[PDB]
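To begin, one chain is listed below as structure tokens, in the form solved without S-adenosyl-L-homocysteine.
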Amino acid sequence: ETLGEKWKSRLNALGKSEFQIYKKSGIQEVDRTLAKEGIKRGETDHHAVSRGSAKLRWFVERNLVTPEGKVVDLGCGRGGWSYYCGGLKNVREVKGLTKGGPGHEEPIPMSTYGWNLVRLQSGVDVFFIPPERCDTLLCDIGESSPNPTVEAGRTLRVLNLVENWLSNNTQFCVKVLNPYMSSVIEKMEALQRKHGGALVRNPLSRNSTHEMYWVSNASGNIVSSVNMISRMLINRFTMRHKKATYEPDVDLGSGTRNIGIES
């Protein structure tokens, strides 16, 4: 087996209370109380709609993706990645497509900064629509499963989807749900030879997932980068000072493009 599969079965064997502790041990968290109370309150101004905005921020601050021009947000739920992109300097347009109806996250309308560049459509299944052209491609799709062979296919699906949307110079940040299964590893090698980039681990991800992000502006051997994260997660099984480290939430501004309080 892979180290990843080994991690997955060990994780799946944990007691209920032990699992809870492992999930958040030594990770980064976003401080979200006041932003969530505000949203529940009807406010539409400064708040990220999910912890997803801060998640994307991590990549963008480090130039692992540089969202520019026409941004397509494939599978965008409440819109966390989309609204975040709407407040960015080089972004002209943001199209977020999502399935979202019942049992799924419906797009929340917001008046955060650059909201007017942001078009969010529900009732759409991205897997069976034709690829529009774009400058930035984003996809955070991937529902995790205790069965890693289920995960591996979901990941392969998603990797096949984004492949169809990628032209020569697209900037991209695509979630790789389960990167440790060999069929996925293989697909990733093909894709990296084709489109470049590498897999990177986001400190805000929980220890209960092996997700890594294929981001356009990095490099590294695929296998080495996965095993690295496999080892880390395995190390964290036996960990001491357990509290997560917190981070303030993103402040997305308010109002229209230049006039207009920024983020």
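Heads up: residue numbers just count along the shown sequence, starting at 1.
Not on display, but discussed next: the form solved in complex with S-adenosyl-L-homocysteine.
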*Applying a 4.5 Å heavy atom distance criterion, does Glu105 contact S-adenosyl-L-homocysteine in the deposited bound form?*
yes
*Verify the contact flag for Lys95: yes if a non-hydrogen atom of it lies within 4.5 Å of a non-hydrogen atom of S-adenosyl-L-homocysteine in the deposited bound form, no if not.*
no
_4.5 angstroms heavy atom contact with S-adenosyl-L-homocysteine in the deposited bound form for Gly197_ = no
*Taking the shortest heavy atom distance, is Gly77 within 4.5 Å of S-adenosyl-L-homocysteine in the deposited bound form?*
yes
*Tell me, out of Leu88, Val124, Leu166, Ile185, which residue has a non-hydrogen atom within 4.5 angstroms of S-adenosyl-L-homocysteine in the deposited bound form.*
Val124
*Going by heavy atoms within 4.5 Å, which of 61-69, 223-231, 197-205, 47-55 lines up against S-adenosyl-L-homocysteine in the deposited bound form?*
47-55
_Interface residues of 140-176 toward S-adenosyl-L-homocysteine, as seen in the deposited bound form [heavy atoms, 4.5 Å]_ = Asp140, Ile141
